[PDB]
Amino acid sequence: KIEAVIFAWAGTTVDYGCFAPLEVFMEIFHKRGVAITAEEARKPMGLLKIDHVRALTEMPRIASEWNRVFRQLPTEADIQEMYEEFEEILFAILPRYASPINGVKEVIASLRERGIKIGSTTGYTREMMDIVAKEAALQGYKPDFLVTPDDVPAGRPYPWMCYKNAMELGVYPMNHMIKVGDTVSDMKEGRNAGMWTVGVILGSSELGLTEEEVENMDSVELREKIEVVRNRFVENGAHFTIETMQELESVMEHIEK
């Protein structure tokens, strides 16, 4: 019996394609002369934002570039400084990226009718979430609970946030819960937490497409990209893979057999 579902935020319940942090990540590196790609920027998507900045400076390609510019490798000074700008730019546009993804709200309402608790974990800090959650609520979305990396010792891939969701929701064991996310770090979080782990494709950070791009893309090109994402989720721990949230119910019935 699945008594609760723990949802990721960006790229899962709000912000189709997880675009809010994409250009911000590229913007902060572009200034130093180190231009990164959208694919690199998306690699550590899901982790706490500051950990994300560090992970980017850790990447060989980005590190080689940077060192070859400033004549040295990125120091904690360079990370703190970039994350600093990351916040200033993120906070201004943040209200525009809290729109509930197409059919998520009906799924949420369906889960509540059955008495299933609604939890959530995030990559955003508490300060950022006060903005995202308020705005999402205005648009018709509010989970039963929400935990950010600021509430526990560390964010994803650690299972700390999921354990806190269970605690405040009163649901145990962990296998009576489902984690649904859209990034590789979301899958690692669900598994390290010992819960049933589900990956969503359309609207995910891993796909990195806007709704329009999905609606207007050549069917064959789309399916190729969909399977690339499905395989990535699977290789990284996913018990299940769904194209949209509309299949969540089916994964639940399957698990309960």
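Note that residue numbering begins at 1 and tracks the sequence as displayed.
Novice: For the C-alpha atoms alone, is the average B factor greater in 225-233 or in 58-66, going by the entry?
Specialist: According to the PDB entry, the answer is 58-66.
Novice: Between 215-223 and 47-55, point out the one with the higher average CA B-factor as the PDB entry records it.
Specialist: Of 47-55 and 215-223, the stretch with the higher C-alpha B-factor average is 215-223.
Novice: Among the choices 204, 37, 192, 210, identify the one whose CA B-factor in the record is greatest.
Specialist: Highest C-alpha B-factor among the listed residues goes to 37.
Novice: Among 174, 90, 152, 146, single out the one with the highest C-alpha B factor in the record, please.
Specialist: The listed residue with the largest C-alpha B-factor is 90.
Novice: Could you place residue 23 in the lowest, middle or highest third of its chain by Cα temperature factor, using the values in the record?
Specialist: Highest third, going by the recorded CA B-factors of the chain.
Novice: Would the CA B-factor of residue 134 place it in the lowest, middle or highest third of its chain?
Specialist: For residue 134, whose C-alpha B-factor we compare with every modelled residue in the chain, the answer is the middle third.
Novice: Please rank the C-alpha B-factors of the chain's modelled residues and tell me whether residue 251 sits in the lowest, middle or highest third.
Specialist: Tercile = middle for this residue's CA B-factor.
Novice: Report the third (lowest, middle or highest) to which the CA temperature factor of residue 84 belongs, ranking only the modelled residues of the same chain.
Specialist: It belongs to the highest third of the chain when residues are ordered by C-alpha B-factor.
Novice: What third of the chain, by the recorded C-alpha B-factor, contains residue 115?
Specialist: Tercile = middle for this residue's CA B-factor.
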